[PDB]
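**Q** Residue numbers (the deposited numbering): 2 to 36.
A virtual CB, placed ideally from N, CA and C, is assigned to each residue, including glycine.
I have a structure I would like to understand better, so I am pasting it below and will then ask my questions one at a time.
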């Protein structure tokens with residue numbers, strides 16, 4: 002049941018949750034508490 006959970010997970014990380022951090026790092030250095 003965790004076989005499909007691995008393929009559906011990368012789907013959102015292929016251009017969604019990586020954007021929020023992408024710009025956050027492009028504007029400055031991320032830190033534990035602010036990012």
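Between 19, 34, 33, which lies nearest to residue 27 when the distance is taken from Cα to Cα?
**A** Looking at the Cα atoms, 19 is the closest of the given residues.
**Q** Consult DSSP for residue 13 and reduce its assignment to one of helix, strand or coil.
**A** Helix.
**Q** What's the C-alpha gap between residue 21 and residue 14?
**A** Looking at the two C-alpha atoms, the distance is approximately 11 Å.
**Q** Assuming residue 25 is part of the alpha helix (DSSP H), what are its boundary residues?
**A** Unbroken alpha helix (DSSP H) run through residue 25: 18-28.
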